[PDB]
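Enquirer:
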Amino acid sequence: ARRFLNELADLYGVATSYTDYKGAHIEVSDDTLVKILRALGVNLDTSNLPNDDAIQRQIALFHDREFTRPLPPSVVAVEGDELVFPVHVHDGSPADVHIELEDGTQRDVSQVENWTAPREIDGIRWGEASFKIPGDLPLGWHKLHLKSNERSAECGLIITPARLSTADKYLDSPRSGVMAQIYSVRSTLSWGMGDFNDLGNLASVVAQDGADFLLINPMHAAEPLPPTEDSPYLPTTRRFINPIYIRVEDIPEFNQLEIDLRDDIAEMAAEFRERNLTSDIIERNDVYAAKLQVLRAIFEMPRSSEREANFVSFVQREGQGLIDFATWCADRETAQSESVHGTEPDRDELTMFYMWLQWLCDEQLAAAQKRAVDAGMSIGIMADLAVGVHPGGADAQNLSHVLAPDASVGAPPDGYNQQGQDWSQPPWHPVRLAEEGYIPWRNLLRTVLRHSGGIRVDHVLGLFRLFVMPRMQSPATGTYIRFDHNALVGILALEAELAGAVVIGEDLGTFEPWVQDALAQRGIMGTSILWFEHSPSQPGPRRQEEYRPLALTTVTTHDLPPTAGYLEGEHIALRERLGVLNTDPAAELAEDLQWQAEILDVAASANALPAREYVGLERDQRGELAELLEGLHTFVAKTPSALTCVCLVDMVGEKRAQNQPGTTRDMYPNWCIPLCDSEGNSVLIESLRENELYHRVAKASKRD
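In structure tokens form, the structure reads like this:
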């Protein structure tokens with residue numbers, strides 16, 4: 003009887019039907035419901051066919067277990083709300099409740115009316131009471147405490163801001179920034195790929211021409227030794243940072259190594275440095291192995307006592323999660339290596355090494371943000387938060403108690419993707435995460451924001467719900483699981499508000515009004531991408547004045563070809579030569595030209611380009627590359643968007659896509675395309691401001 007399945011699905015927030023991303027109505031199969039419920043910990047028959055009795059028994063156990071929760075898993079409230087919560091105690095025993103604030107201060111709650119009858123459950127009579135929190139608690143991470151004779155309980159009480167302060171700031175004073183894929187941008191001294199030094203250096207360069215932020219790719223740690231993941235969107239953790247970005251020569255203890263070792267290191271550096279001058283695809287693995295070898299040597303060097311106390315202070319701040327990550331790295335290194343007979347690696351010393359790499363990443367990122375802000379950026383580095391983690395990695399082990407690893411995150415079928423998508427990530431368990439007081443979400447966010455002025459949240463709908471499939475199944479067999487958006491969104495806002503940060507939520511698909519509003523009311527910005535935007539009012543491209551104010555607006559993204567390529571049809575040419583367009587190349591080119599023509603006509607109505615009447619012009623008759631770039635940038639600049647973003651790729655005439663979505667690494671070198679100009683020549687950070695194209699695009703993007 004599906005009625006009982008539906009009832010059980012409802013209690014666990016598992017959707018029993020949905021509309022797919024091509025507008026079809028799907029009723030989720032029984033099989034999918036049972037597998038997703040099991041992935042959430044529900045004990046249903048192993049044959050994946052369960053009795054109506056077994057389902058009815060799990061309904062009753064849910065209600066019973068809810069009735070015996072002494073405190074809620076946790077309690078999350080917006081500042082000012084006198085929120086009412088239930089407490090359950092053995093009937094006739096005390097319900098002594100108080101609050102302990104994050105800073106150690108105690109506060110009181112007040113009892114309010116509760117009409118629920120007591121119930122007898124496993125031989126004990128339980129009652130319910132309601133209490134109300136005060137309406138004037140400060141923002142932060144507090145606790146509720148319950149004492150009932152010798153029984154006690156606690157839960158998180160998390161108070162979240164009504165609205166991000168940066169939202170009104172930028173609405174009133176709109177700014178521009180630059181986006182760069184930092185691994186692909188080299189200086190003369192990079193080891194073949196961009197590093198934290200380059201990060202700070204690049205920020206200081208683009209700040210001189212008016213940029214107020216530098217938006218970058220996710221920097222989350224991947225494998226602790228090569229081989230390593232090219233994609234920044236499948237990291238091993240979303241909290242810790244990838245050591246591959248360390249510039250070894252910037253570590254103060256580097257200079258304590260002996261000169262002969264320094265020369266050997268210089269010999270390694272000089273070889274990677276020649277790669278900086280070529281347009282050859284980026285190779286992380288040998289660069290990483292080489293950096294790790296040198297980091298092993300620097301790790302032997304003794305620290306001055308000020309430096310030692312800094313390191314100790316970092317270790318103290320990061321707590322157990324840092325030790326768990328580092329120990330997982332020590333274990334993975336040990337298992338991959340093949341050590342000598344009679345010799346063991348020292349697990350604790352290895353653990354310490356992986357802790358110390360995180361300290362380095364912290365300090366090099368702090369130095370980069372300090373550089374950005376000292377160069378005049380209002381925001382600075384804007385970090386990007388991937389949606390999730392590799393299913394076999396550090397977080398998947400260390401955070402297993404708050405994940406549902408038998409499910410896999412994805413997307414339902416598309417016109418574009420008829421199989422849907424499987425991203426492979428394990429989802430948060432919606433209840434267990436709340437039982438842990440959302441502390442894993444807090445901790446990843448706080449690290450991501452620590453040396454940033456802003457965060458871009460990939461797949462922001464995931465704060466509300468995720469599309470999941472039983473692991474290893476097709477995405478057609480998936481469904482939605484719902485999360486407590488007040489908790490996930492509220493805590494994103496809280497951590498961002500504490501960090502003085504901007505929040506941008508990638509919101510490309512079109513969801514329910516309530517979801518949009520939940521984000522907008524908190525001051526979370528949307529994302530508008532010129533090539534995808536349609537007028538709400540007219541058929542055709544979005545008009546200048548129709549661009550949303552509470553948004554980040556760009557011309558392009560790291561998932562499209564850069565604008566020099568896109569103008570020439572490279573989105574269609576690249577998809578065709580990879581055999582990932584199955585439609586007629588010529589009919590698509592023609593659709594592309596028509597849509598570009600329409601956009602250039604809207605830009606001309608806004609005076610951003612001359613009104614040449616673009617529909618009907620041949621592709622090569624529309625103006626020079628530089629003029630089209632200037633036009634599209636000016637058009638975006640004079641939208642009412644709080645924030646606009648110039649892609650670094652567009653400043654130098656890059657024609658190569660960084661990533662072709664829906665291709666794999668054997669098809670194209672996704673995430674490995676170094677920054678080159680229109681002639682296929684490498685552009686170093688040192689050269690950026692020598693090129694006329696850079697200055698034209700910068701000027702065209704200026705907002706005051």
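Take the sequence shown: its position 631, counted from the start at 1, is 633 in the UniProt record's numbering, and no numbers get skipped. No residue lacks a Cβ here, since even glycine has one placed at the ideal position from N, Cα and C.
1) Does the distance from the C-beta atom of residue 186 to that of residue 647 stay below 8 Å?
2) Between the Cα of residue 526 and those of 30, 127, 508, spot the shortest distance and give me the residue it belongs to.
3) Cutting at 6 Å between CB atoms, please list the residues of its own chain near residue 613, excluding the five before and the five after it.
4) If I measure Cβ to Cβ from residue 511 and keep anything under 8 Å in the same chain, skipping five residues before and after, which residues do I get?
5) Quick one, which of 440, 355, 411 has its alpha-carbon nearest residue 157's?
6) Helix or strand or just coil, what does DSSP make of residue 270?
7) So if DSSP puts residue 57 in a beta bridge, which residue, or which two residues, is it bridged to?
8) Would you check if the stretch 99-113 and the stretch 128-141 touch, i.e. whether three or more CB-CB distances between them fall below 8 Å?
9) Using DSSP's beta-bridge definition, name the partner residues of residue 215.
10) By the DSSP assignment, the beta strand (DSSP E) with residue 128 in it spans what residues?
11) Quick one: give me the first and last residue of the beta strand (DSSP E) that residue 556 is part of.
12) What number of angstroms, rounded off, separates the C-alpha of residue 475 from the C-alpha of residue 396?
13) Going by DSSP, what residues sit across from residue 121 in a beta bridge?
14) Between the Cα of residue 697 and those of 380, 271, 435, 207, spot the shortest distance and give me the residue it belongs to.
15) Can you tell me whether residue 76 is buried or exposed? The criterion is at least 16 other CB atoms within 10 Å of its CB, across all chains shown.
16) Quick check: what's the CA-CA separation for residue 700 versus residue 211?
17) For residue 201, which residues from the same chain have a beta carbon less than 6 Å from its beta carbon, with the 5 sequence-adjacent residues on both sides left out?
18) Is the stretch 533-553 in contact with the stretch 478-492, if contact means three or more CB pairs nearer than 8 Å?
19) With a floor of 3 residues, list each beta strand (DSSP E) that falls wholly inside the stretch 160-236, ordered by position along the chain.
20) If you draw a straight line from the C-alpha of residue 513 to the C-alpha of residue 398, how long is it?
21) Measure the C-alpha to C-alpha separation of residue 584 and residue 578 and round it to an integer number of angstroms.
22) Alpha carbon to alpha carbon, how far is residue 333 from residue 653? Give it in angstroms, no decimals.
23) Excluding the 5 residues flanking residue 663 on each side, which residues of the same chain have their C-beta closer than 7 Å to its C-beta?
24) My output table needs one value for residue 503: the three-state DSSP class, helix, strand or coil.
25) Just verifying my parser: in three-state terms, what is the DSSP assignment at residue 158?
26) Taking 8 Å as the threshold (C-beta atoms), are residue 32 and residue 4 in contact?
27) As a quick exercise: from 79, 279, 111, 213, pick the residue whose alpha carbon is nearest that of residue 159.
28) How is the beta strand (DSSP E) around residue 413 delimited, first residue to last?
29) Cα separation between residue 530 and residue 641?
30) Run the CB neighbour count on residue 311, radius 10 Å, all protein chains shown included, and call it buried at 16 or more, exposed below.
31) Ends of the beta strand (DSSP E) at residue 29?
32) Contact defined as beta carbons within less than 8 Å: I believe residue 131 pairs with residue 116. What is the distance between those atoms, to the nearest angstrom?
33) For residue 79, does the three-state DSSP call read helix, strand or coil?
34) How is the beta strand (DSSP E) around residue 101 delimited, first residue to last?
35) Tell me whether residue 309, by its Cβ, gets closer than 7 Å to a heavy atom of the ligand GDP.
36) Return the first residue and the last residue of the beta strand (DSSP E) that residue 86 is part of.
Expert: Short version:
1) Contact flag unset, no.
2) The shortest Cα separation from residue 526 among 30, 127, 508 belongs to 508.
3) Within the same chain, residue 613 has close Cβ partners 606.
4) The residues are 23, 463.
5) Ranking 440, 355, 411 by CA distance to the CA of residue 157 puts 440 first.
6) Collapsing the DSSP output to three states places residue 270 in a helix.
7) Residue 57 is bridged by DSSP to nothing; it lacks a bridge partner.
8) Touching, yes.
9) For residue 215, the beta-bridge partners assigned by DSSP are 382.
10) That run of the beta strand (DSSP E) goes 126-134.
11) For residue 556, the enclosing beta strand (DSSP E) begins and ends at 553-556.
12) Residue 475 and residue 396 have their alpha carbons spaced roughly 23 Å apart.
13) Answer is 128, bridged to residue 121.
14) Of the listed residues, the one whose Cα sits closest to residue 697 is 207.
15) So residue 76 ends up on the buried side.
16) Between residue 700 and residue 211, the alpha-carbon positions lie close to 6 Å from each other.
17) Within the same chain, 184, 370 come within 6 Å of residue 201 by CB-CB distance, once the 5 residues on both sides are set aside.
18) Touching, no.
19) Inside the stretch 160-236, DSSP marks whole beta strand (DSSP E) runs of 3 or more residues at positions 177-182, 215-218, from first to last along the chain.
20) Cα to Cα, the separation comes out at about 29 Å.
21) One alpha carbon belongs to residue 584, the other to residue 578, and they sit about 8 Å apart.
22) Rounded to the nearest whole angstrom, the CA to CA distance from residue 653 to residue 333 is 44 Å.
23) Excluding residues within five positions, the ones whose Cβ falls inside 7 Å are 561.
24) Residue state, collapsed to three classes: coil.
25) Correct three-state label for residue 158: strand.
26) Contact annotation: residue 4 and residue 32 have beta-carbon atoms nearer than 8 Å.
27) Residue 79 is the option with its Cα nearest to residue 159.
28) That run of the beta strand (DSSP E) goes 409-413.
29) Cα-Cα distance, rounded: 11 Å.
30) Burial check for residue 311: the Cβ neighbour count within 10 Å stays below 16, so the residue is exposed.
31) Counting along the chain, the beta strand (DSSP E) containing residue 29 begins and ends at 27-29.
32) Correct: roughly 5 Å between the Cβ atoms.
33) Strand, per DSSP.
34) First-last of the beta strand (DSSP E) with residue 101: 98-102.
35) Of ligands this structure carries none, so the ligand GDP is not represented either.
36) Start and end: 86-92.
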